[PDB]
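Residue numbers (the UniProt record's numbering), protein chains in the order written: chain A, 61 to 82, 92 to 133; chain B, 13 to 56, 61 to 96; chain C, 42 to 51, 59 to 69, 79 to 196; chain D, 65 to 101; chain E, 35 to 41, 47 to 196; chain F, 18 to 43, 53 to 71, 79 to 97, 113 to 152. Just so it is clear, CB atoms sit at the ideal spot from N, CA and C, and this is done for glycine as well.
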Amino acid sequence: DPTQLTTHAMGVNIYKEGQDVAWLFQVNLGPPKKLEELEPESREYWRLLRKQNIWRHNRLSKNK
Amino acid sequence: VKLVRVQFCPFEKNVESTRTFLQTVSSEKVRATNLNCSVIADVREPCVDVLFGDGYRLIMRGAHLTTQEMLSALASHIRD
Amino acid sequence: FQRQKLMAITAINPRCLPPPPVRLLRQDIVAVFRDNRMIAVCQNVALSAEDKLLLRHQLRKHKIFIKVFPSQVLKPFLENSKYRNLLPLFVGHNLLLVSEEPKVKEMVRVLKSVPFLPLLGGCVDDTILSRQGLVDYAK
Amino acid sequence: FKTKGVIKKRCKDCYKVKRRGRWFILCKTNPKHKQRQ
Amino acid sequence: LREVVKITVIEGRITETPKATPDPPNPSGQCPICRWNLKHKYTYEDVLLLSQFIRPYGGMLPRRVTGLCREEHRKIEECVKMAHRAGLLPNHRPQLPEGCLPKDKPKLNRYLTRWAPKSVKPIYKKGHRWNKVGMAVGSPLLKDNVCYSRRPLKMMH
Amino acid sequence: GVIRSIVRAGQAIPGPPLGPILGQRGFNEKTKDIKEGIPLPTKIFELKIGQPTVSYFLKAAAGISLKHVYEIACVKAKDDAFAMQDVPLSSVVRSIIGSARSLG
RNA sequence: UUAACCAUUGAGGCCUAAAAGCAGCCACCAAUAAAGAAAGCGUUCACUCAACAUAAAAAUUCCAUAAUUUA
Ligand code: FES
Ligand SMILES: [Zn+2]
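Rendered as structure tokens:
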């Protein structure tokens, strides 16, 4: 039941000694950040910019 | 190689070559490869002493010895 | 043949000549020094990536971090800072055992978890000292 | 030792040599890759 | 100079090395050769100059240690080969591994030898006057050297 | 030699996963402590108790919310071998979010 | 003009018990200084390149002889 998931915390208790009894909520919920989403001056933007550079090489690498 | 002893003095002047040589000895994979040797690290010019089962004891000081010479010396000695 | 004849008819090397004549990382080195009271310099033992993580993660459970920076960019601040005797230490691959409490004895104990890894020295409670001194203070 | 106009490496381990006035690529892993100009 | 002495205990000991002559004629010379104004004035027969860059057994020294620029690292290397083949470096012979004796064949006097004698095939068909095939003498790398003749040196004889 | 072979707690037999590595080269703890019927990573070398895989947990939630996504993240940092010791929660929540999006 | 260097989980789910960077198919992400649900590989699931870090880069028989520097 989707409602049961919200009402009762399945994650907190997963031991046989229980039955899923019931900044944390401020984290990003959005989709994967693309180069446009990332802030140009943020480390993530430059970090994921390298990933895009890695993307092109990997696609060429896959073809061989 | 029955035992390998490496001693170097951080407080006193210490040559880089022996330290770079020591960390190679201080490696899990290297330790497994040379299973026979009992690796002991001494910290207090630097002197490296390695003992062999046949009784040959080789003392290597890093004062003016480059890392290649130590590694080459060990490799040749291991071959016997 | 004259046609070919016409066609043929129609000072200092730049080598010897004299040749004409990190900031983000700088903050990171400053940040670790400001955040962590004690910085212990230990040689990077080239441990396996999986084994390297668990040591950092295990220390993370103890709220102890591991910090590493290139030596050449680390020279300037170490030259002018409370920690000045670590410059010869910071040669080659290296790691920093940085925490918020003076767990010098436990730092060696965690270092003793892998016997091959030695300790070169560092500072505890903002006091720069060598390993021989650190052991005495650890007692 | 096929004699070809152009010598081209066939593997990473392949290396180049200049023996007796000609160019040779010899591969330790695979003797097939051995060639001559 | 650090050299290894063996006894087993083997120790490498640093010894004093000869110092370079001060006051080069050309100050601030980027490349050691140019420093001494010998950029385009040395040839194969200049044993004294070449000897300063050669290992005791006749091998070439690394560029870094010597400090020569690549342009003069290849020319110097080329001249050294010519000197060895001409028997101008009798005291830098190869190290005999196990007391092996030389080939014992008499040595033919040669100079200005571009290629190794073993790797050169004979030219059986000489060719006619117009098409005549040429025999290499000297090396092209020394094109820029000063010439004291009316016309440029003939590389191919 | 580290072997990453595991079966569901409810299942009491090694099954195909375990055997091949031993041939190539040459669990009760889970059944009791943690809820049964859910897969969990292990690092047999030395079987170690491990927390259930989130992805199947996400599928279990999907039968194939934000509070549920967060709830699992808070208690997730309960293992050492797993390497799931990232104190900053952003790592865990973003990781499960990236897994939730990819899974159907 | 070519180099040895390092290589991080929530097992992403999916028809293939179940698919970890991955047989496979759809998504293809999360943290990280810095990593492609990866380049190959590994793997019925579960060695390493790219990143980071990186010392460098055609038929009888060849056919003048010879010669590198004197203005
Ligand atoms: S001789 Fe001057 S640039 Fe080398
Ligand atoms: Zn090959």
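- DSSP places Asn151(C) within a strand segment (E or B) once states are collapsed to three.
- A check of alpha carbon separations from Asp85(C) across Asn142(C), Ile121(C), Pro127(C) and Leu186(C) identifies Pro127(C) as the nearest.
- When only Cα atoms are considered, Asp182(C) and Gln189(C) end up about 16 Å apart.
- Residue state for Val55(B) is assigned as strand, using DSSP reduced to three classes.
- Within chain B, no C-beta atom comes nearer than 7 Å to that of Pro127(C); the closest sits roughly 16 Å away.
- Listed along chain E are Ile49, each with a C-beta nearer than 7 Å to that of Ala89(B).
- Contact annotation for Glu85(B) against chain C: no contact, minimum CB-CB distance about 18 Å [criterion: below 8 Å].
- Counting only runs of at least 4 residues, the stretch 48-84 of chain E fully encloses the following alpha helix (DSSP H) elements, listed from N- to C-terminal order: 71-74.
- Neighbours of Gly68(E) across chain C, judged by C-beta separation under 7 Å: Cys64.
- Less than 8 Å divides the Cβ of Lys114(E) from the Cβ of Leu181(E).
- The beta-carbon separation of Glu61(B) and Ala79(B), rounded to 6 Å, stays under the 8 Å limit for a contact.
- Taking CB atoms only, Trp92(A) has a neighbour in chain F less than 8 Å away.
- In chain order, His116 place their CB closer than 8 Å to the CB of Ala94(F), counting only its own chain and leaving out the 5 sequence neighbours on each side.
- Scanning the stretch 73-150 of chain E for uninterrupted alpha helix (DSSP H) segments of 4 residues or longer gives 86-90, 102-105 and 109-124, listed from N- to C-terminal end.
- For the stretch 105-127 of chain C, the beta-carbon criterion of a distance under 7 Å to any beta-carbon of chain F is satisfied by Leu110, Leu111, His114, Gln115, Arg117 and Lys118.
- In the three-state reduction of the DSSP assignment, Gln129(C) falls in the helix class, which pools H, G and I.
- In this structure, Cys91(D) has its CB closer than 7 Å to one or more heavy atoms of ligand 2.
- Around the Cβ of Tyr81(E), a 10 Å sphere holds 16 or more other Cβ atoms; the residue is buried.
- Within chain B, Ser38 have C-beta atoms less than 8 Å from the C-beta of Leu174(C), given in sequence order.
- Partner residues in the beta bridge of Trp87(D), as assigned by DSSP, are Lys82(D).
- C-alpha of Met86(B) to C-alpha of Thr30(B): approximately 8 Å in a straight line.
- For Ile123(C) against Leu152(C), the beta-carbon gap comes to about 6 Å, under 8 Å, which counts as contact.
- Taking a Cβ-Cβ cut-off of 8 Å, the neighbours of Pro85(F) in chain A comprise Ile74, given in sequence order.
- Per DSSP, the beta bridge partners of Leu67(B) are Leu15(B) and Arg73(B).
- Residues of chain F whose Cβ lies closer than 8 Å to the Cβ of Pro101(A) are, in chain order, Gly146 and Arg149.
- At a cut-off of 8 Å between beta-carbon atoms, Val38(E) makes contact with chain B.
- At a cut-off of 8 Å between C-beta atoms, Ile75(B) counts as an interface residue with respect to chain E.
- Here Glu137(E) is exposed: its Cβ has fewer than 16 other Cβ atoms, across all protein chains shown, within 10 Å.
- For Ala97(C), the uninterrupted beta strand (DSSP E) segment begins and ends at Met95 to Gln100.
- Cβ neighbours of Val42(B) within its own chain (closer than 8 Å, five residues either side excluded): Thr36.
- The beta carbon of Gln189(C) sits closer than 8 Å to some beta carbon of chain B.
- Residue contact check for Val135(F) against chain C: a CB pair falls below 8 Å.
- The beta carbons of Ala59(C) and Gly179(C) sit no closer together than 8 Å.
- Under the criterion of beta carbons closer than 8 Å, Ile82(F) and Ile60(F) qualify as touching, at roughly 7 Å.
- If you draw a straight line from the Cα of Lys102(A) to the Cα of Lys120(A), it comes to about 12 Å.
- Interface criterion met: the Cβ of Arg52(E) is under 8 Å from a Cβ in chain B.
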